[PDB]
Structure formats: C-alpha cells, structure tokens
C-alpha cells in the first residue's frame, strides 16, 4: 500500500484527526498538524523516511459526521490536489444517537453512513493514487455494550465499502481491542472516545503499518 515519494497525503476526519490543527489547512511545519496521530504519522515519515518527501496535511474537524465530511469534501480535501487521502469517521455519527438521543437531526444512521462513504470513495479513488479508510473506534472492550455494538456495525459498513470499492481498510478498532486486553480504557482516554498520546500512537502505528513503514 506504498506511498510514492513527493506525494501529498491529506488526512481527514473528526476531532481525533483534527487535534487542534491549523486553519484553513493543517500543514507539517511547526505544529500545524496538531498533537495527535496525524502529527505522529508525519513525524515518523520525516524521521524514518525523510528522503520520501511526503507532505502530510490535516483537514480534520471536531464534531464532524460523515455528512459533514461529504459536504466539505471537494472544497476542503480535493481542492488540495492530494495524491493520497485517509478518512477516519463514524464515531460522532453513532455517538450523537447516545448523547443526544432526542436530537434526531444530529444522528447519521447506518444506511446514510454506508452510502455516504461509498460516494466519497467512488468520487475520490479515480483522482488519487490510493485512499485509506480508517475504522472509527470506541474504547469499550464489552462488545455487547449498546454503543460499542453500534460502532462495530458502522465499522463493518466501512469494511464492506472498502472491499467493494477495492481500497485499503485499516482496522484501528482491532488494534485497540488487542491493547484493551492489557490496559483498561481509563489509561487510554477520559471518555472512551478521545485518546491520550498513547492511543494516538496506536492509530499512527496502525496507519504506518498499512503503508509499509512499520
């Protein structure tokens, strides 16, 4: 799943991608990528593969569902002329159903989620070298917890789109499940959703492994 030298990699998502990145566009120099997994991906590429000249860009936005991502996709993502795009999205699409159950217009149901991911992949894939779908995740080891069960269904929908569109799927949730057998969720996040540096390192390493750097 190699990243060609001299390429621009645009990483898209919600707050976990955002991590305080610069506006309108987060770039590597200084701290413009924020302080989470996107900044860690860039740091590993520059420290281990500086000659690859990979330009990493962050356009994550806190609170986004896949509907928000789709609305801004051409202007915020494709206008940057990416060679590679990654997308992690879905935790908010599910979370709103639990933290705002009566505020139904904030919810994105699974059919809208799957259809919107399919459209984004279908329009993006012909214009990039590769697109990477990164699973949303929820740091709850009990897969019968209702929200965890719903997140797993959305992850499956993403996996199915990745398979049907033939783009790579990075199962970040599976990496957390392995780690949660050793560490309890409070070590990784204050709220099962937004990880500390440790969980951002899990995401970055999963992505870097998917692109053959680790």
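Positions refer to the first chain, counted from 1.
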property: 23-31 versus 167-175 - which carries the larger mean C-alpha B factor in the record; result: 23-31
property: 87-95 set against 125-133, stretch whose average Cα temperature factor tops the other in the entry; result: 125-133
property: Third assignment of residue 59 from its chain's C-alpha B-factors; result: middle
property: Assigned third (lowest, middle, highest) for the C-alpha B factor of residue 183; result: middle
property: B-factor third for the C-alpha atom of residue 70 within its chain; result: middle
property: Third assignment of residue 158 from its chain's C-alpha B-factors; result: middle
property: Chain-wide C-alpha B factor ranking for residue 120, given as lowest, middle or highest third; result: middle
